[PDB]
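Reading the structure
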Amino acid sequence: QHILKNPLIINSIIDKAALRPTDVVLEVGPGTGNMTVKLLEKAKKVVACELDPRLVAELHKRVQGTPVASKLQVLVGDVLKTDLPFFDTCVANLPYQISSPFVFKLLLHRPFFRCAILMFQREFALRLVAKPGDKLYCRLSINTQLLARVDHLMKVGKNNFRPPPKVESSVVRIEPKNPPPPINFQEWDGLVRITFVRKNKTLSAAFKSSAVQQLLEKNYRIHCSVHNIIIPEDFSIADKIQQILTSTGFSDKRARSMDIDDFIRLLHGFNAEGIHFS
């Protein structure tokens, strides 16, 4: 993995974290411990989710003998699947291969944390903080922004890692929304996936897909059985989708232009007819 060598950058990440001396700090990807040792000087506890098991020997040996050692818990495993402890802030250097999943593991995690300071690849951070109509606005943008406040903090040159990556990196602060909106994020994501398949084409187009009609026909069958509704022998899911789309004015819009409130109105207009994306 790409270890962060630059003390200049590490020191800058740690102030952006703004550690209070009463905080549990989750560190994902402590590597050789370069940021771990500095975090331990300033935190009440440091929970380190090791990504490479081989590094764990020397990491514990590095802190061994200092008066901070009794604060370093180290969790060897698969961070995506492990249950996470209560932490107050999180700093983390993440590979792209787990970058999208980990962001939502953070945002769905309870109790809420205060903020996370995450190192990502360049383009990935720009998709997070991408506003509607931007070239890079995508499902990640609108999903992350529904649940969090995300801020692009600093660029980080690939010359600072050992061994260097091929792309520049960025540092990003993510503060969860607490309380989070009353949006059933399972359904929310289902709807947003369908409309971002082809984000420069219309929502009407987005629902003529067959995967879609299979998905919604399934869910609509459940609705009608739960509520003793009778599917008329001439019923068509596709026309129902198309009324809802027309009757909410969304039929000719494109997800590239759509902001969060727009999707809430879209979703409310589907759920109100018995259509769920589960």
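Method of determination, as given in the entry header: X-ray crystallography; reported resolution: 3.20 Å.

Turning next to the overall build of the protein chain. For the protein chain, the count of helices and strands is 11 helices and nine strands. Taking the intrachain contacts of the protein chain between residues at least 6 apart in sequence as the baseline, contacts between residues at least 24 apart amount to 68%.

So, about the packing of helix α4 (residues 99–107) against helix α6 (residues 139–147). Remark: α4 packs on α6, axes separated minimally by 10 Å, with the N-to-C direction vectors making an angle of 20 degrees. Our classification of the angle between α4 and α6 gives roughly parallel. Here the hand of the crossing between α4 and α6 comes out left-handed. Between α4 and α6, the residues in contact are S100, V103, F104 and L107 and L140, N143, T144 and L147, respectively. Looking at the contact of α4 with α6 residue by residue, the classes come out as five nonpolar, three polar and no charged.

Turning to the pairing of strand β2 (residues 24–28), a few remarks are in order. Within β2, five of the five residues are buried, which leaves it mostly tucked inside the rest of the structure. Neither face of β2 is open: one carries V24, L26 and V28, the other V25 and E27, and all of them are buried. Relative to strand β3 (residues 45–50), β2 runs parallel, the two sharing five bridges. In the strand pairing of β3, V28 is matched with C49. Between the parallel elements β2 and β3, the chain passes through helix α2 (residues 34–40) in a crossover that is right-handed. Where β2 lies against strand β5 (residues 89–93), four bridges are found, and the strand directions are parallel. Opposite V28, over in β5, you have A92 as the bridge partner.

Ranked by internal contacts, the top residues of the largest apolar core, which has 61 residues, are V28, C90, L118, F207, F263, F270 and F277. Here the element with the most residues in this core is helix α7 (residues 185–196); it accounts for six residues. Here this core spans two domains, since at least three of its residues come from each of domain 1 (1–180) and domain 2 (181–278). Those residues in contact with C90 that lie beyond four places of it in its chain are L26, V28, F102, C115, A116, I117 and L118. One finds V46, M119, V156 and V171 within the second-largest nonpolar core, a separate group that totals 25 residues.

Reading the values: the criteria
Residues numbered from 1 in each chain as written, not as in the entry; some residues may be left out. Heavy atoms only, no water. Residues with missing side-chain atoms left out of burial classes, pairs and counts. Helix = DSSP H or I, 4+ residues; strand = E, 2+ residues; numbered from the N terminus. Contact = heavy atoms within 4.5 Å. Axes fitted to C-alpha atoms, helices over the stretch in contact; angles between N-to-C directions. Parallel < 35°, antiparallel > 145°, perpendicular 65-115°, else oblique. Left-handed = near helix turned anticlockwise from the far one by under 90°. Nonpolar A, V, L, I, M, F, W, Y, C, P; charged D, E, K, R; others polar. Buried < 20%, exposed > 50% of the residue type's maximum accessible area, 1.4 Å probe, protein only. Pairing = 2+ DSSP bridges. Right-handed = clockwise from strand over helix to strand, strands pointing away. Core = buried A, V, L, I, M, F, W, Y, C linked by side-chain atoms within 4.5 Å. Domains from an automatic or database assignment.

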